[PDB]
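What follows is a single structure, written as structure tokens, with notes after it.
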Amino acid sequence: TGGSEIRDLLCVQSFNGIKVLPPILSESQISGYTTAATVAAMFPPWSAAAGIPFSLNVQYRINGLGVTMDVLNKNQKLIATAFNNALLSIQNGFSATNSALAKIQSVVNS
Amino acid sequence: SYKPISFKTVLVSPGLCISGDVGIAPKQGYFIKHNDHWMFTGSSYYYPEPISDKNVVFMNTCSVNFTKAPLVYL
């Protein structure tokens with residue numbers, strides 16, 4: 001309503017009847033839902049992790065592939081360090097020309 | 001669908017070391033304390049059952065933060 005810019009397309013579209021209404025749930029609520037799911041997966045009672053501590057869940061999931069259990073709990077420190085390193089790498093990889101951002105800007109630009 | 005209608009709060013344990021560095025873990029359930037000896041309980045119905053090898057996954061060695069009790073034999 002109040003501005004000195006004219007090259008924006010959204011104002012012209014909105015004045016010509018084309019408008020993008022907000023969704024019925026705000027993204028803050030969905031972020032709260034994902035946070036609640038993650039915390040319930042991590043902290044007791046382990047609702048989203050089948051009622052078991054998370055590190056033991058990782059241990060059993062790795063052991064089911066074929067890894068013996070003797071080397072698993074003797075490498076627990078480096079397993080946690082590798083998991084944190086993977087999380088930090090997947091956190092920092094969004095700064096580059098990633099493929100998930102390719103999809104997000106693809107749907108936005110489409 | 002199965003559905004509980006009542007609940008009970010108990011103290012549980014995901015595993016414990018019982019012998020010369022061996023580990024036991026419940027198949028589907030938890031270990032509970034009952035008068036200086038541990039018993040298995042199902043994860044959807046509170047019922048103490050004695051320690052067997054049909055509800056326990058064996059380990060070559062136990063985790064560092066498992067409970068220590070040499071008294072339990074299997």
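Going by what's in this entry, would A:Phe54 be described as under 30 Å from B:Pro14 (Cβ atoms), out of contact with any helix residue (DSSP H, G or I) (no Cβ under 7 Å at 6 or more places or on another chain) and aromatic (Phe, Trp, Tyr)? Quick ask: steps written out before the conclusion?
Values: under 30 Å from B:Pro14 (Cβ atoms): yes; out of contact with any helix residue (DSSP H, G or I) (no Cβ under 7 Å at 6 or more places or on another chain): no; aromatic (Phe, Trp, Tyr): yes.
In short, no.
Would you check which residues across segment B:3-23 are within 12 Å of chain A (Cβ to nearest Cβ), of a type in the set (A, V, I, L, M) and closer than 15 Å to B:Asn65 by Cα and list them?
Of everything in segment B:3-23, those that are within 12 Å of chain A (Cβ to nearest Cβ), of a type in the set (A, V, I, L, M) and closer than 15 Å to B:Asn65 by Cα turn out to be B:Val12, B:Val22.
Can you name every residue in segment A:78-110 that is within 30 Å of B:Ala25 (Cα to Cα) and either in contact with a helix residue (DSSP H, G or I) (Cβ under 8 Å, 6 or more places away or on another chain) or exposed (fewer than 10 other Cβ atoms within 10 Å of the Cβ) (or both)? Spell out how you get there, then give the answer.
The initial filter retains those residues of segment A:78-110 that are within 30 Å of B:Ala25 (Cα to Cα), namely A:78-87.
Matches in segment A:78-110: A:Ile79, A:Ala80, A:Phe83.
For the subset of segment A:26-60 comprising residues that are more than 9 Å from chain B (Cβ to nearest Cβ) and among the β-branched types (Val, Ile, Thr), which member is nearest to B:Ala25 (Cα to Cα)?
Selected residue: A:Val58.
Scanning for something surrounded by fewer than 13 Cβ atoms within 10 Å (Cβ to Cβ) and under 29 Å from B:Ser43 (Cα atoms), does segment A:17-33 turn up at least one residue? First the steps, then the outcome.
Step one: filter segment A:17-33 for residues surrounded by fewer than 13 Cβ atoms within 10 Å (Cβ to Cβ), giving A:17-33.
Next cut, under 29 Å from B:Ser43 (Cα atoms) only: A:32-33.
Checked against the condition, which is being surrounded by fewer than 13 Cβ atoms within 10 Å (Cβ to Cβ) and under 29 Å from B:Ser43 (Cα atoms), segment A:17-33 yields at least one hit.
May I ask you to list the residues in segment A:44-62 that are at positive phi and surrounded by 16 or more Cβ atoms within 10 Å (Cβ to Cβ)?
Residues of segment A:44-62 that are at positive phi, as a first pass: A:50-51.
Scanning segment A:44-62 gives a single hit, A:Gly51.
Quick one: which residue in A:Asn98, A:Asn84, A:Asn63, A:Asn92 is without any contact (Cβ under 8 Å) to a residue 40 or more places away in the chain, away from chain B (no Cβ under 14 Å) and under 30 Å from B:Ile24 (Cα atoms)?
Details: A:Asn98 fails: under 30 Å from B:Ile24 (Cα atoms); A:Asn63 fails: away from chain B (no Cβ under 14 Å); A:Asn92 fails: under 30 Å from B:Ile24 (Cα atoms).
One residue alone meets the criteria, A:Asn84.
Return the residues of segment A:66-77 that are within 14 Å of chain B (Cβ to nearest Cβ), loosely packed, with under 11 Cβ neighbours inside 10 Å and under 19 Å from B:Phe58 (Cα atoms); say none if nothing qualifies. First the steps, then the outcome.
Keep residues of segment A:66-77 that are within 14 Å of chain B (Cβ to nearest Cβ), which gives A:67-77.
Cutting the leftovers down to loosely packed, with under 11 Cβ neighbours inside 10 Å gives us A:68, A:77.
Matches in segment A:66-77: A:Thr68 only.
Any read-out appearing in this document is the output of simple, stated calculations on the displayed coordinates, not a laboratory observation. Cβ: placed from backbone, ideal geometry, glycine included. Neighbour counts: every protein chain shown.
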